[PDB]
Amino acid sequence: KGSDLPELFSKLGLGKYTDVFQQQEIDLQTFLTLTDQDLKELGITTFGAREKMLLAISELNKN
(Lines give C-alpha, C1' and ligand atoms only; values in the text may rest on other atoms or scores of the structure.)
Protein backbone atom coordinates (compact mmCIF):
# COMPACT_ATOMS: atom_id res chain seq x y z
CA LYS A 1 0.00 0.00 0.00
CA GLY A 2 1.02 3.63 -0.58
CA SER A 3 0.95 4.38 3.15
CA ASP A 4 3.87 1.95 3.40
CA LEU A 5 6.31 4.21 1.53
CA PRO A 6 7.61 6.05 4.64
CA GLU A 7 8.42 2.76 6.39
CA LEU A 8 10.04 1.51 3.19
CA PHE A 9 12.19 4.62 2.87
CA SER A 10 13.14 4.32 6.52
CA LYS A 11 14.58 0.80 6.22
CA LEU A 12 16.45 1.77 3.02
CA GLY A 13 18.12 4.56 4.99
CA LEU A 14 16.28 6.99 2.75
CA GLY A 15 13.92 8.48 5.35
CA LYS A 16 15.29 11.92 4.54
CA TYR A 17 13.49 11.78 1.19
CA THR A 18 10.03 10.94 2.54
CA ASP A 19 9.02 14.62 2.80
CA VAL A 20 9.96 15.44 -0.82
CA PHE A 21 7.87 12.55 -2.13
CA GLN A 22 4.85 13.54 -0.08
CA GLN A 23 5.09 17.19 -1.19
CA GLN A 24 5.47 16.04 -4.80
CA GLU A 25 2.24 14.05 -4.49
CA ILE A 26 3.81 10.70 -5.40
CA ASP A 27 1.46 7.78 -4.72
CA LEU A 28 2.24 4.06 -4.86
CA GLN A 29 1.27 3.44 -8.48
CA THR A 30 3.33 6.48 -9.60
CA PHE A 31 6.24 5.43 -7.42
CA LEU A 32 6.38 2.00 -9.06
CA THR A 33 6.84 3.56 -12.51
CA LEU A 34 9.74 5.91 -11.67
CA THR A 35 13.00 5.89 -13.60
CA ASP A 36 16.45 7.23 -12.78
CA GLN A 37 15.71 10.47 -14.70
CA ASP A 38 12.43 10.94 -12.72
CA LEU A 39 14.31 10.59 -9.44
CA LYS A 40 16.87 13.15 -10.63
CA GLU A 41 14.05 15.58 -11.38
CA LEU A 42 12.68 14.89 -7.87
CA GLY A 43 15.99 16.09 -6.44
CA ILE A 44 17.69 12.79 -5.70
CA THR A 45 21.20 13.83 -6.69
CA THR A 46 23.38 10.94 -5.43
CA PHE A 47 23.66 7.68 -7.35
CA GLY A 48 23.55 5.44 -4.26
CA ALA A 49 20.18 6.91 -3.21
CA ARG A 50 18.66 6.68 -6.69
CA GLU A 51 19.91 3.20 -7.29
CA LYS A 52 18.62 1.95 -3.91
CA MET A 53 15.21 3.39 -4.73
CA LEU A 54 15.15 1.89 -8.23
CA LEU A 55 16.17 -1.55 -6.96
CA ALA A 56 13.46 -1.28 -4.28
CA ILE A 57 10.89 -0.42 -6.97
CA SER A 58 12.13 -3.32 -9.05
CA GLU A 59 11.65 -5.72 -6.09
CA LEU A 60 8.16 -4.40 -5.32
CA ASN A 61 7.19 -4.96 -8.93
CA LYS A 62 8.74 -8.42 -9.01
CA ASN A 63 6.86 -9.58 -5.93
# chains A, B, ... in the order shown; residues from 1 in each chain; ligands from 1
>>> select_by_dssp(residues="range 15-60 of chain A", states="alpha helix (DSSP H)", output="PyMOL selection string")
chain A and resi 18-23+28-31+36-42+47-60
>>> write_last_selection(atoms="N, CA and C atoms", output="PDB file, in the first residue's frame")
ATOM      1  N   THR A  18      11.470  11.154   2.392  1.00  0.00           N
ATOM      2  CA  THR A  18      10.030  10.938   2.545  1.00  0.00           C
ATOM      3  C   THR A  18       9.242  12.236   2.333  1.00  0.00           C
ATOM      4  N   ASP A  19       9.724  13.335   2.911  1.00  0.00           N
ATOM      5  CA  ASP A  19       9.017  14.617   2.802  1.00  0.00           C
ATOM      6  C   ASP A  19       8.921  15.133   1.361  1.00  0.00           C
ATOM      7  N   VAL A  20       9.994  14.990   0.583  1.00  0.00           N
ATOM      8  CA  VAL A  20       9.955  15.440  -0.818  1.00  0.00           C
ATOM      9  C   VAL A  20       8.923  14.647  -1.616  1.00  0.00           C
ATOM     10  N   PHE A  21       8.820  13.344  -1.376  1.00  0.00           N
ATOM     11  CA  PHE A  21       7.869  12.550  -2.135  1.00  0.00           C
ATOM     12  C   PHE A  21       6.429  12.852  -1.744  1.00  0.00           C
ATOM     13  N   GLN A  22       6.193  13.153  -0.472  1.00  0.00           N
ATOM     14  CA  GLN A  22       4.852  13.542  -0.081  1.00  0.00           C
ATOM     15  C   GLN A  22       4.470  14.902  -0.680  1.00  0.00           C
ATOM     16  N   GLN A  23       5.398  15.858  -0.660  1.00  0.00           N
ATOM     17  CA  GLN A  23       5.092  17.192  -1.188  1.00  0.00           C
ATOM     18  C   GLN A  23       4.900  17.141  -2.703  1.00  0.00           C
ATOM     19  N   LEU A  28       1.598   5.352  -4.652  1.00  0.00           N
ATOM     20  CA  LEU A  28       2.243   4.060  -4.857  1.00  0.00           C
ATOM     21  C   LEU A  28       2.367   3.674  -6.324  1.00  0.00           C
ATOM     22  N   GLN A  29       1.291   3.843  -7.081  1.00  0.00           N
ATOM     23  CA  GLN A  29       1.269   3.444  -8.485  1.00  0.00           C
ATOM     24  C   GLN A  29       2.213   4.327  -9.318  1.00  0.00           C
ATOM     25  N   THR A  30       2.354   5.600  -8.943  1.00  0.00           N
ATOM     26  CA  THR A  30       3.328   6.481  -9.595  1.00  0.00           C
ATOM     27  C   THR A  30       4.740   6.074  -9.197  1.00  0.00           C
ATOM     28  N   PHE A  31       4.929   5.826  -7.907  1.00  0.00           N
ATOM     29  CA  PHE A  31       6.238   5.426  -7.416  1.00  0.00           C
ATOM     30  C   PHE A  31       6.805   4.222  -8.170  1.00  0.00           C
ATOM     31  N   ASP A  36      15.343   6.450 -13.323  1.00  0.00           N
ATOM     32  CA  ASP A  36      16.451   7.229 -12.777  1.00  0.00           C
ATOM     33  C   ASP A  36      16.314   8.732 -13.095  1.00  0.00           C
ATOM     34  N   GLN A  37      15.894   9.062 -14.314  1.00  0.00           N
ATOM     35  CA  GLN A  37      15.706  10.467 -14.701  1.00  0.00           C
ATOM     36  C   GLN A  37      14.594  11.143 -13.856  1.00  0.00           C
ATOM     37  N   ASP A  38      13.512  10.416 -13.579  1.00  0.00           N
ATOM     38  CA  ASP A  38      12.432  10.940 -12.720  1.00  0.00           C
ATOM     39  C   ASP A  38      12.958  11.286 -11.333  1.00  0.00           C
ATOM     40  N   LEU A  39      13.740  10.374 -10.775  1.00  0.00           N
ATOM     41  CA  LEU A  39      14.310  10.585  -9.441  1.00  0.00           C
ATOM     42  C   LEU A  39      15.234  11.807  -9.418  1.00  0.00           C
ATOM     43  N   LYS A  40      16.060  11.947 -10.459  1.00  0.00           N
ATOM     44  CA  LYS A  40      16.873  13.151 -10.632  1.00  0.00           C
ATOM     45  C   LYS A  40      16.000  14.403 -10.640  1.00  0.00           C
ATOM     46  N   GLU A  41      14.897  14.395 -11.394  1.00  0.00           N
ATOM     47  CA  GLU A  41      14.051  15.585 -11.377  1.00  0.00           C
ATOM     48  C   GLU A  41      13.387  15.819 -10.013  1.00  0.00           C
ATOM     49  N   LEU A  42      13.239  14.765  -9.217  1.00  0.00           N
ATOM     50  CA  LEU A  42      12.682  14.889  -7.872  1.00  0.00           C
ATOM     51  C   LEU A  42      13.701  15.444  -6.877  1.00  0.00           C
ATOM     52  N   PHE A  47      23.888   8.981  -6.712  1.00  0.00           N
ATOM     53  CA  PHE A  47      23.657   7.683  -7.352  1.00  0.00           C
ATOM     54  C   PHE A  47      23.187   6.598  -6.384  1.00  0.00           C
ATOM     55  N   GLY A  48      23.841   6.505  -5.226  1.00  0.00           N
ATOM     56  CA  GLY A  48      23.548   5.444  -4.262  1.00  0.00           C
ATOM     57  C   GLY A  48      22.087   5.528  -3.810  1.00  0.00           C
ATOM     58  N   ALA A  49      21.590   6.735  -3.568  1.00  0.00           N
ATOM     59  CA  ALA A  49      20.184   6.910  -3.208  1.00  0.00           C
ATOM     60  C   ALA A  49      19.244   6.514  -4.359  1.00  0.00           C
ATOM     61  N   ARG A  50      19.509   7.009  -5.557  1.00  0.00           N
ATOM     62  CA  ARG A  50      18.657   6.677  -6.693  1.00  0.00           C
ATOM     63  C   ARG A  50      18.652   5.183  -6.965  1.00  0.00           C
ATOM     64  N   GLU A  51      19.835   4.599  -6.955  1.00  0.00           N
ATOM     65  CA  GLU A  51      19.907   3.196  -7.286  1.00  0.00           C
ATOM     66  C   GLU A  51      19.186   2.357  -6.230  1.00  0.00           C
ATOM     67  N   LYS A  52      19.345   2.683  -4.947  1.00  0.00           N
ATOM     68  CA  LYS A  52      18.621   1.946  -3.909  1.00  0.00           C
ATOM     69  C   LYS A  52      17.122   2.057  -4.113  1.00  0.00           C
ATOM     70  N   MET A  53      16.645   3.232  -4.483  1.00  0.00           N
ATOM     71  CA  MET A  53      15.214   3.386  -4.729  1.00  0.00           C
ATOM     72  C   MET A  53      14.768   2.585  -5.936  1.00  0.00           C
ATOM     73  N   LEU A  54      15.551   2.611  -7.019  1.00  0.00           N
ATOM     74  CA  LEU A  54      15.149   1.886  -8.230  1.00  0.00           C
ATOM     75  C   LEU A  54      15.147   0.370  -8.024  1.00  0.00           C
ATOM     76  N   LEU A  55      16.101  -0.129  -7.240  1.00  0.00           N
ATOM     77  CA  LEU A  55      16.166  -1.547  -6.961  1.00  0.00           C
ATOM     78  C   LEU A  55      14.998  -1.919  -6.066  1.00  0.00           C
ATOM     79  N   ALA A  56      14.623  -1.017  -5.158  1.00  0.00           N
ATOM     80  CA  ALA A  56      13.461  -1.284  -4.284  1.00  0.00           C
ATOM     81  C   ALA A  56      12.170  -1.372  -5.129  1.00  0.00           C
ATOM     82  N   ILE A  57      12.023  -0.429  -6.049  1.00  0.00           N
ATOM     83  CA  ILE A  57      10.886  -0.418  -6.966  1.00  0.00           C
ATOM     84  C   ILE A  57      10.857  -1.698  -7.771  1.00  0.00           C
ATOM     85  N   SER A  58      12.030  -2.103  -8.264  1.00  0.00           N
ATOM     86  CA  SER A  58      12.127  -3.320  -9.045  1.00  0.00           C
ATOM     87  C   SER A  58      11.669  -4.544  -8.238  1.00  0.00           C
ATOM     88  N   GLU A  59      12.092  -4.636  -6.976  1.00  0.00           N
ATOM     89  CA  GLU A  59      11.651  -5.715  -6.090  1.00  0.00           C
ATOM     90  C   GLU A  59      10.160  -5.683  -5.799  1.00  0.00           C
ATOM     91  N   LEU A  60       9.603  -4.493  -5.587  1.00  0.00           N
ATOM     92  CA  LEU A  60       8.164  -4.400  -5.322  1.00  0.00           C
ATOM     93  C   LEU A  60       7.381  -4.844  -6.541  1.00  0.00           C
TER      94      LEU A  60
END
>>> atom_distance(atom1="CA of residue 26 in chain A", atom2="CA of residue 11 in chain A")
18.7 Å
>>> residues_around(residues="residue 15 in chain A", least_positions_apart="6", cutoff="10 Å", atoms="only C-alpha atoms", output="list in words")
residues 5, 6, 7, 8 and 9 of chain A
